[PDB]
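[1] Give me the fold of what follows.
(one chain, ligands or ions: 1)
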Amino acid sequence: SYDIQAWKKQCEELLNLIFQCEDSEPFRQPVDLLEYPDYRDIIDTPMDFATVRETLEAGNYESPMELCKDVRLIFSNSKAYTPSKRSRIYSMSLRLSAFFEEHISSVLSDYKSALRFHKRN
Ligand SMILES: C[C@@H]1CN(C(=O)c2ccco2)CCN1C(=O)NCC1CC1
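    Residues are numbered from 1 along each chain as shown. For reference, the structure is listed below:
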């Protein structure tokens, strides 16, 4: 109850579910800057799900809000890159975002409740 640390394993489980999703395929590893030579002209801060997982495992997120900001960057980097809707990878981005948001909602609410309970007195 009001466990301040519970978010970390809940985010590891949610990343496992995202790796199972066929829709994560394009987002599982950093973009090859040699394959996509212009990528860093458009994208200031590359992000992918393996980087998010390793940052979590390094103990380099202090809160699930920080992890949520990096996952949302994957989705906005994909939108910044799409030429049009006529792309399988843009279709996969929007479905995976909806799945992520549906599952992260309770992780954020529970964490923020726990900080409130810790400060209650
Ligand atoms: C650069 C794009 C979009 N993309 C990303 O934004 C991304 C984030 C993390 C890893 O990749 C996935 C790769 N992309 C492709 O077009 N590959 C498909 C090839 C036929 C062309």
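[2] mind checking how far the nearest residue to residue 12 once chain neighbours are set aside is from residue 108?
    Closest residue to residue 12 apart from its sequence neighbours, by Cβ to Cβ, 6 or more residues apart in numbering: residue 56 at 6.6 Å. Quick note: C-beta positions are derived from backbone N, CA and C, even for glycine. Distance, residue 56 to residue 108, by Cβ to Cβ, to the nearest Å: 15 Å.
[3] Run through the residues that contact the most centrally placed residue in the chain.
    Nearest to the mean C-alpha position of the chain, by Cα atoms, centre = their mean, lies residue 71 at 2.0 Å. Contact partners of residue 71, counting by Cβ atoms under 8 Å, 6 or more residues apart in numbering, are 47, 49, 52, 100, 104.
[4] Make TSV from those residues and add neighbour count, secondary structure and distance to the ligand to it.
    Listed next are the contacts of residue 71 as TSV, based on neighbours: other Cβ atoms under 10 Å; DSSP: H, G, I helix; E, B strand; the rest coil; distance: Cβ to the nearest ligand atom, whole Å:
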residue	neighbour count	secondary structure	distance to the ligand
47	22	coil	7
49	20	helix	8
52	21	helix	11
100	22	helix	14
104	20	helix	19
